[PDB]
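Visitor: Got a structure here, written out as structure tokens. Questions coming.
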Number of protein chains: 2
Amino acid sequence: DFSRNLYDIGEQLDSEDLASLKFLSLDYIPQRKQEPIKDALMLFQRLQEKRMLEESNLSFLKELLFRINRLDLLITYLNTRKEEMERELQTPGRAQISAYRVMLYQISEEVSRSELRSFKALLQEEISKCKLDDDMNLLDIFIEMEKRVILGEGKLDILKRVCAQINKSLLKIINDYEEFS
Amino acid sequence: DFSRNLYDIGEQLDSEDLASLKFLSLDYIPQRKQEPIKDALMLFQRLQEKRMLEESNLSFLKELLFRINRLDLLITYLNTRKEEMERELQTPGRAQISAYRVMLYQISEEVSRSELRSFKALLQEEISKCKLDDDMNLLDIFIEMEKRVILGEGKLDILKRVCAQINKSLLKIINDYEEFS
């Protein structure tokens with residue numbers, strides 16, 4: 001009963017819904033493991049894979065659907081109302097999605113298209129002014145590059161991009177590394 | 001005697017050496033547990049803590065000293081020559097530092113101060129590459145903000161800074177989040 005019903009819920013969702021649900025699951029499935037999920041059913045399988053979703057274990061499904069405001073699916077397939085879910089989530093700790101993620105999603109729902117363009121513009125303003133100070137030595141800079149994830153054992157792209165403009169011999173070293181690995 | 005000698009070697013090293021050796025130890029001691037390590041002798045203690053450095057087990061100590069080209073300490077206190085260590089590390093696998101880390105360190109050794117200026121400039125160029133195409137919705141933008149590590153569970157500065165220029169209600173959301181933590 002549960003499995004077929006989860007299939008029906010799987011089909012009733014559109015793209016925007018899947019994006020939202022992919023976001024609201026980031027507490028359990030890292031960013032790194034979200035490219036594999038292309039449709040809602042694969043997300044269901046990956047959620048049950050961590051035993052966060054089972055028959056008689058629908059807390060997280062109910063919460064997810066309420067947050068993305070698909071109350072029609074809650075009623076049609078889960079027999080759950082809005083006020084019931086509000087009562088459930090307003091009792092401390094019963095909410096399973098972090099306040100961080102819910103905050104971000106609600107910021108997203110409040111924003112229009114024009115306001116989104118404003119956000120892109122302002123974010124490109126604040127990014128086009130990153131300031132690493134003058135007291136960081138090179139090794140620290142490599143550590144920051146690994147931190148901001150632009151350099152790694154298998155991401156020599158940017159490192160080669162800068163070294164190629166500094167001096168070739170460095171690029172020679174890098175090529176020796178990646179060609180002997 | 002072993003402890004006394006390791007103390008003497010511990011004090012003979014300067015700051016640049018400690019930075020280098022701290023880097024070349026990143027295969028075993030994560031970034032996070034290196035702020036506690038403030039001096040070279042403490043680094044020795046943290047190396048013995050993981051039993052990669054023992055009495056009669058100096059492979060990694062010798063390797064460390066050779067890499068940072070402190071051959072004077074190798075000879076003075078360890079009675080070990082340059083060419084012997086070269087033979088040691090050129091025998092496969094006996095070098096204990098990964099080719100990645102050693103590659104980064106030699107890139108560091110080759111670079112002058114001016115060339116480092118060029119590296120800072122070019123890297124600030126590549127970070128100020130915005131991407132942010134017209135098909136990314138807000139949530140994706142949040143995910144890249146977390147990537148470039150300018151947004152996080154406890155780093156709401158930039159997010160509030162942009163929302164304050166878009167519309168206050170967003171700022172109200174963020175403040176409600178962080179004052180509820």
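Ordered as shown in the structure tokens, chains take letters A, B, and onward, while each chain numbers its residues from 1 and ligands are numbered from 1 in the order shown.
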Given identical sequences, what C-alpha RMSD separates chain B from chain A after least-squares superposition over all Cα in order?
Guide: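 Result: 1.7 Å C-alpha RMSD.
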Visitor: Residues of chain A were defined as contacting chain B if any atom lay at most 8 Å from it, counting only C-alpha atoms; please report them as a ChimeraX atom specification.
Guide: /A:20,23,31,99-100,103-108,110,115-116,118-120,122-124,126-132,138-139,142,147-149,153,158,162-163,166,170,173-174,177
Visitor: Keeping only N, CA and C atoms, write the selected residues to a file as a short mmCIF file (atom, residue, chain, number, x, y, z; two decimals), in the first residue's frame.
Guide:
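Okay, this is what ended up in again.cif:
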```cif
data_model
loop_
_atom_site.label_atom_id
_atom_site.label_comp_id
_atom_site.auth_asym_id
_atom_site.auth_seq_id
_atom_site.Cartn_x
_atom_site.Cartn_y
_atom_site.Cartn_z
N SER A 20 12.93 22.03 -4.68
CA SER A 20 12.68 22.38 -3.28
C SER A 20 13.01 21.21 -2.36
N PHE A 23 16.61 20.53 -1.95
CA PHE A 23 17.20 21.48 -1.01
C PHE A 23 16.91 21.08 0.43
N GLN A 31 25.35 18.03 -0.52
CA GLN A 31 25.36 18.59 -1.87
C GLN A 31 25.99 17.60 -2.84
N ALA A 99 16.64 24.73 11.06
CA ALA A 99 16.13 26.09 10.90
C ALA A 99 16.88 26.84 9.82
N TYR A 100 18.15 26.49 9.60
CA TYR A 100 18.94 27.10 8.53
C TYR A 100 18.28 26.87 7.18
N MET A 103 14.90 28.49 6.77
CA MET A 103 15.11 29.92 6.56
C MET A 103 15.44 30.22 5.11
N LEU A 104 16.40 29.48 4.54
CA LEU A 104 16.77 29.69 3.14
C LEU A 104 15.59 29.47 2.20
N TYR A 105 14.83 28.38 2.40
CA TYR A 105 13.72 28.10 1.50
C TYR A 105 12.64 29.18 1.59
N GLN A 106 12.39 29.69 2.79
CA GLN A 106 11.37 30.72 2.92
C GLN A 106 11.84 32.03 2.29
N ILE A 107 13.13 32.35 2.43
CA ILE A 107 13.70 33.46 1.67
C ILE A 107 13.46 33.26 0.18
N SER A 108 13.61 32.02 -0.30
CA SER A 108 13.39 31.76 -1.72
C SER A 108 11.93 31.98 -2.11
N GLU A 110 9.73 33.93 -0.74
CA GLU A 110 9.34 35.34 -0.67
C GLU A 110 9.83 36.16 -1.86
N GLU A 115 13.35 40.72 -7.78
CA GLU A 115 14.18 40.65 -6.59
C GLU A 115 15.29 39.62 -6.75
N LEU A 116 15.03 38.53 -7.48
CA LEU A 116 16.09 37.57 -7.76
C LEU A 116 17.20 38.20 -8.59
N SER A 118 17.99 41.26 -8.60
CA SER A 118 18.70 42.11 -7.65
C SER A 118 19.69 41.29 -6.83
N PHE A 119 19.30 40.08 -6.42
CA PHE A 119 20.19 39.23 -5.64
C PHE A 119 21.40 38.80 -6.46
N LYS A 120 21.19 38.39 -7.71
CA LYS A 120 22.32 38.04 -8.56
C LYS A 120 23.28 39.21 -8.70
N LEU A 122 23.73 41.89 -6.69
CA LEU A 122 24.41 42.21 -5.44
C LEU A 122 25.40 41.12 -5.04
N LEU A 123 25.07 39.86 -5.30
CA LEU A 123 26.00 38.78 -5.00
C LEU A 123 27.23 38.85 -5.88
N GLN A 124 27.06 39.20 -7.15
CA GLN A 124 28.22 39.41 -8.00
C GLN A 124 29.03 40.62 -7.55
N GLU A 126 29.39 41.42 -4.22
CA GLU A 126 30.12 41.02 -3.02
C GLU A 126 31.17 39.95 -3.32
N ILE A 127 30.95 39.15 -4.36
CA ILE A 127 31.94 38.14 -4.74
C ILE A 127 33.11 38.79 -5.46
N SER A 128 32.82 39.76 -6.33
CA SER A 128 33.85 40.51 -7.02
C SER A 128 34.52 41.51 -6.08
N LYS A 129 34.74 41.10 -4.83
CA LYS A 129 35.54 41.87 -3.89
C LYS A 129 36.03 40.98 -2.76
N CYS A 130 36.40 39.74 -3.08
CA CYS A 130 37.04 38.89 -2.09
C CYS A 130 38.45 39.40 -1.82
N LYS A 131 38.82 39.46 -0.54
CA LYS A 131 40.09 40.06 -0.12
C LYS A 131 40.84 39.07 0.77
N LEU A 132 41.76 38.32 0.18
CA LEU A 132 42.74 37.59 0.97
C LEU A 132 43.91 38.51 1.26
N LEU A 138 51.93 31.02 0.74
CA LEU A 138 51.37 30.22 -0.34
C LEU A 138 50.66 28.99 0.18
N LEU A 139 51.29 28.25 1.09
CA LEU A 139 50.69 27.02 1.61
C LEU A 139 49.30 27.30 2.18
N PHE A 142 46.90 27.62 -0.69
CA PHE A 142 46.47 26.31 -1.17
C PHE A 142 45.43 25.70 -0.23
N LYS A 147 39.72 24.67 0.79
CA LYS A 147 38.55 25.01 1.59
C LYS A 147 37.40 25.49 0.71
N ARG A 148 37.64 26.48 -0.16
CA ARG A 148 36.63 26.94 -1.10
C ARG A 148 36.46 25.98 -2.27
N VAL A 149 37.08 24.80 -2.20
CA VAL A 149 36.95 23.71 -3.17
C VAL A 149 37.15 24.20 -4.60
N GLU A 153 43.10 16.94 -5.06
CA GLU A 153 43.87 15.87 -5.70
C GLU A 153 43.42 15.64 -7.13
N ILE A 158 42.15 25.06 -11.91
CA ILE A 158 42.45 26.45 -11.60
C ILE A 158 43.93 26.62 -11.28
N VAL A 162 46.36 29.43 -13.05
CA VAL A 162 47.14 30.53 -12.49
C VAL A 162 48.63 30.34 -12.75
N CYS A 163 49.13 29.13 -12.49
CA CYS A 163 50.54 28.85 -12.69
C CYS A 163 50.95 29.09 -14.14
N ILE A 166 51.78 32.56 -14.31
CA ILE A 166 52.93 32.96 -13.51
C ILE A 166 54.21 32.54 -14.22
N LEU A 170 56.36 25.78 -12.99
CA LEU A 170 55.38 25.28 -12.03
C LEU A 170 54.41 24.32 -12.71
N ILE A 173 55.85 21.03 -13.10
CA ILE A 173 55.74 20.20 -11.89
C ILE A 173 54.36 19.56 -11.82
N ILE A 174 53.31 20.37 -12.01
CA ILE A 174 51.94 19.86 -11.88
C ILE A 174 51.69 18.75 -12.89
N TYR A 177 53.08 15.63 -11.73
CA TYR A 177 52.20 15.02 -10.73
C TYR A 177 51.05 14.27 -11.38
#
```
Visitor: Please compute the CA of residue 46 in chain B-CA of residue 15 in chain B distance, one decimal, in Å.
Guide: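 Distance reported for this atom pair: 17.3 Å.
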Visitor: Could you tell me how far CA of residue 94 in chain A lies from CA of residue 26 in chain A, in Å and to one decimal?
Guide: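 Computing the Euclidean distance for CA of residue 94 in chain A and CA of residue 26 in chain A yields 17.5 Å.
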Visitor: For residue 85 in chain B, which residue out of B:41, B:97, B:65, B:73 is the nearest one, using only C-alpha atoms?
Guide: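 Smallest separation from residue 85 in chain B among the options: B:65.
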Visitor: Could you write out, as a ChimeraX atom specification, all the residues of chain A that DSSP marks as helix (DSSP H, G or I)?
Guide: /A:2-12,15-24,31-33,40-49,59-67,71-78,82-90,99-110,113-127,138-147,157-166,168-180
Visitor: In range 46-175 of chain B, what's strand (DSSP E or B) per DSSP? Answer as a list in words?
Guide: residues 54, 57, 152 and 155 of chain B
Visitor: Excluding residue 60 in chain B and any residue of its chain fewer than 6 positions from it, enumerate the residues within 12 Å of it, using only C-alpha atoms, and give them as an mmCIF file with N, CA and C atoms, in the first residue's frame.
Guide:
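around36.cif, written as the output of this step:
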```
data_model
loop_
_atom_site.group_PDB
_atom_site.id
_atom_site.type_symbol
_atom_site.label_atom_id
_atom_site.label_comp_id
_atom_site.auth_asym_id
_atom_site.auth_seq_id
_atom_site.Cartn_x
_atom_site.Cartn_y
_atom_site.Cartn_z
ATOM 1 N N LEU B 21 56.615 22.038 7.507
ATOM 2 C CA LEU B 21 56.407 20.705 8.066
ATOM 3 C C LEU B 21 54.946 20.476 8.432
ATOM 4 N N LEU B 24 53.405 19.504 5.133
ATOM 5 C CA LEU B 24 53.808 18.166 4.711
ATOM 6 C C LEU B 24 53.303 17.069 5.634
ATOM 7 N N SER B 25 52.600 17.419 6.708
ATOM 8 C CA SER B 25 51.989 16.444 7.596
ATOM 9 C C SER B 25 50.487 16.316 7.377
ATOM 10 N N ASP B 27 48.740 14.777 5.397
ATOM 11 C CA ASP B 27 48.216 13.466 5.030
ATOM 12 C C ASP B 27 47.609 12.744 6.227
ATOM 13 N N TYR B 28 48.046 13.078 7.438
ATOM 14 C CA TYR B 28 47.657 12.347 8.639
ATOM 15 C C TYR B 28 46.940 13.200 9.674
ATOM 16 N N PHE B 44 56.049 17.593 16.992
ATOM 17 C CA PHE B 44 56.660 16.294 17.269
ATOM 18 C C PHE B 44 55.760 15.445 18.155
ATOM 19 N N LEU B 47 52.995 14.113 16.189
ATOM 20 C CA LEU B 47 53.448 13.072 15.273
ATOM 21 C C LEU B 47 53.617 11.745 15.999
ATOM 22 N N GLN B 48 54.226 11.769 17.186
ATOM 23 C CA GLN B 48 54.333 10.549 17.978
ATOM 24 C C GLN B 48 52.963 10.061 18.432
ATOM 25 N N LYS B 50 50.269 9.715 16.742
ATOM 26 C CA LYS B 50 49.732 8.786 15.758
ATOM 27 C C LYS B 50 50.723 7.687 15.391
ATOM 28 N N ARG B 51 51.814 7.566 16.152
ATOM 29 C CA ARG B 51 52.823 6.512 16.003
ATOM 30 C C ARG B 51 53.412 6.443 14.595
ATOM 31 N N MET B 52 53.470 7.575 13.902
ATOM 32 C CA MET B 52 54.248 7.685 12.676
ATOM 33 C C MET B 52 55.673 8.135 12.964
ATOM 34 N N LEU B 53 55.982 8.380 14.237
ATOM 35 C CA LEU B 53 57.304 8.785 14.701
ATOM 36 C C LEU B 53 57.549 8.111 16.039
ATOM 37 N N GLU B 54 58.542 7.229 16.078
ATOM 38 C CA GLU B 54 58.909 6.501 17.280
ATOM 39 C C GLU B 54 60.424 6.453 17.363
ATOM 40 N N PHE B 66 64.319 16.262 5.091
ATOM 41 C CA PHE B 66 64.868 16.306 3.739
ATOM 42 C C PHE B 66 64.028 17.184 2.820
ATOM 43 N N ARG B 67 62.699 17.067 2.906
ATOM 44 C CA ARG B 67 61.831 17.805 1.993
ATOM 45 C C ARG B 67 61.999 19.310 2.154
ATOM 46 N N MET B 85 69.167 9.862 1.763
ATOM 47 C CA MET B 85 67.730 10.107 1.808
ATOM 48 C C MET B 85 67.123 10.109 0.413
ATOM 49 N N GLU B 88 66.602 6.739 -0.370
ATOM 50 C CA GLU B 88 65.505 6.237 0.451
ATOM 51 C C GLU B 88 64.153 6.548 -0.180
ATOM 52 N N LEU B 89 63.938 7.805 -0.570
ATOM 53 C CA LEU B 89 62.641 8.218 -1.085
ATOM 54 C C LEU B 89 62.425 7.781 -2.524
ATOM 55 N N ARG B 94 58.391 4.151 -0.102
ATOM 56 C CA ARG B 94 59.045 4.489 1.154
ATOM 57 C C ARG B 94 58.904 5.966 1.484
ATOM 58 N N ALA B 95 58.701 6.812 0.479
ATOM 59 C CA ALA B 95 58.223 8.159 0.744
ATOM 60 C C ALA B 95 56.798 8.067 1.273
ATOM 61 N N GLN B 96 56.565 8.651 2.447
ATOM 62 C CA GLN B 96 55.286 8.518 3.130
ATOM 63 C C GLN B 96 54.333 9.673 2.856
ATOM 64 N N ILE B 97 54.834 10.783 2.321
ATOM 65 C CA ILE B 97 54.010 11.928 1.953
ATOM 66 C C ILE B 97 53.491 11.725 0.535
ATOM 67 N N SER B 98 52.188 11.936 0.348
ATOM 68 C CA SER B 98 51.567 11.746 -0.958
ATOM 69 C C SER B 98 52.193 12.671 -1.998
#
```
Visitor: Closest to residue 43 in chain B among B:17, B:1, B:179, B:84, using only C-alpha atoms?
Guide: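 Smallest separation from residue 43 in chain B among the options: B:17.
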Visitor: Compare B:63, B:14, B:39, B:157 by their minimum atom-to-atom distance to residue 87 in chain B, counting only C-alpha atoms, and give me the closest one.
Guide: B:63
Visitor: Need the shell around residue 6 in chain A: protein/DNA/RNA residues with any atom at most 10 Å away, counting only C-alpha atoms. Skip same-chain ones fewer than 6 positions apart. Format as a list in words?
Guide: residues 12, 40, 41, 44, 55, 61, 77 and 78 of chain A
Visitor: Generate the output file for the selected residues, N, CA, C and O atoms, as a compact mmCIF listing (two decimals), in the first residue's frame.
Guide:
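Result file follows (out_17.txt):
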```
# COMPACT_ATOMS: atom_id res chain seq x y z
N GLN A 12 3.13 12.80 -8.99
CA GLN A 12 2.34 14.03 -8.92
C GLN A 12 3.18 15.30 -8.85
O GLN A 12 2.63 16.40 -9.03
N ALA A 40 11.80 12.60 -8.72
CA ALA A 40 11.38 12.50 -7.33
C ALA A 40 11.47 11.08 -6.79
O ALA A 40 11.74 10.88 -5.60
N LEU A 41 11.23 10.08 -7.64
CA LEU A 41 11.27 8.70 -7.18
C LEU A 41 12.68 8.29 -6.75
O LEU A 41 12.84 7.59 -5.73
N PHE A 44 13.11 9.50 -3.42
CA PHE A 44 12.46 8.61 -2.46
C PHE A 44 13.34 7.42 -2.13
O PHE A 44 13.49 7.05 -0.95
N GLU A 55 7.40 2.75 5.62
CA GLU A 55 6.00 2.58 6.00
C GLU A 55 5.87 2.70 7.52
O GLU A 55 6.64 2.10 8.27
N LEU A 61 8.42 12.83 5.33
CA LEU A 61 7.65 13.09 4.12
C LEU A 61 6.59 14.16 4.38
O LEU A 61 6.46 15.12 3.61
N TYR A 77 -3.25 11.86 -0.48
CA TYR A 77 -2.52 10.62 -0.31
C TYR A 77 -2.07 10.33 1.11
O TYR A 77 -1.85 9.16 1.44
N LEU A 78 -1.92 11.35 1.96
CA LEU A 78 -1.46 11.13 3.33
C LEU A 78 -2.53 11.40 4.38
O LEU A 78 -2.27 11.16 5.57
```
